[PDB]
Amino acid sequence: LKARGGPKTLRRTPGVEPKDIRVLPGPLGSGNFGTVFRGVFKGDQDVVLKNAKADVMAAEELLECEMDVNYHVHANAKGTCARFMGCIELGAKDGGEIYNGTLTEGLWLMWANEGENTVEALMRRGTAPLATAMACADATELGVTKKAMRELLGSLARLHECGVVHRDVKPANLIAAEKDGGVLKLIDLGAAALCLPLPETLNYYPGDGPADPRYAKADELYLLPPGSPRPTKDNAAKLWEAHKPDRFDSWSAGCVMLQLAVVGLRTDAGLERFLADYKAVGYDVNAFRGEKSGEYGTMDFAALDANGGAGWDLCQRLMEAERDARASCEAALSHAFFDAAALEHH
């Protein structure tokens, strides 16, 4: 007697059939566990597609979690991130070839193509093309920083409200969405955690996890400290208050702000130099300004200096050494930095 075969179960999104998707050859890029491609959905919709790397441990499971968090965000925080269009799962026989424009075997996630340009690419081209992409009328460091940070902090606040910590906030993961007025949208929930039981936490555990070293405080690569209890439906709220995992995003947002506000900090080496000096003076912005800024003769800190040093103060709040002292993204949003100009004389 031989064991019988049986059907394969495949995950599918209503309205999305494999026949509807053409994949464009050539990866947009690759992350720790997956690869991203451009595609065309139903003949005339520009989309982006992600699959799991065949050569990476647990890649499918990592992509499944990214899927779960994408559904959560789609339901609870629309507009914060690239629009999620669901998934498509293919078997081996029915898998095609990327270079021939067809989806290969495995799980694929699909989003709208929100734009060809990331904030990292734009800022490095310059403040002008960045402002243009963002539809930002004040095409200065201060202007783009105000608009971008209001949008970023607003979106992070909404994500945190529904229990999601993004965990990979940085210019490379922001797109100025031209079809939506240039507003910034986050991408890449590949490292995101769901930190409340809805119905269960996801990708949320004690100890260090994936982090971009440029945008994570070097001694804080965790959402929950290594000593923390494992999260459960019963202790999740307590852990959120105790360990403030959302403050991981706050620090990253501060890094974004520094790069938007100061042209010389837009290279990796530039921001790295700043953060090393910032740590050296005890994560004290005023100490940096007094002891270190004189060393930065090739840079212009005017955007941070403006209006009683409002920008510096906001960076300080977002980048306090201690999480318990560090501003939430919601609180940061109410900062003087974002105040409307008084008496504009129209």
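The first residue of the shown sequence is 1; numbering continues from there.
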Seminar exercise, completed: Of 302 to 310 vs 282 to 290, the stretch with the larger average CA B-factor in the entry is 282 to 290
Exercise. Out of 27 to 35 and 49 to 57, which stretch has the higher average CA B-factor listed in the record?
Worked result: 27 to 35
Problem set entry | Residue, from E64, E295, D277, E320, that the PDB entry assigns the highest Cα B-factor | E295
Exercise. Which one of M110, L198, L265, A216 shows the top CA temperature factor in the record?
Worked result: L198
For this session: Please place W251 in the lowest, middle or highest third of its chain by C-alpha B factor as given in the entry.
Result: lowest
Problem set entry | Third of the chain, ranked by Cα B-factor, where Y99 sits | highest
Exercise. According to the PDB entry, is the CA B factor of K147 in the bottom, middle or top third of its chain, that is, lowest, middle or highest?
Worked result: lowest
Exercise. By its CA B factor, does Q259 count among the lowest, middle or highest third of the modelled residues in the chain?
Worked result: lowest
Problem set entry | Where the record places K244 (Cα B-factor, split into thirds across the chain) | middle
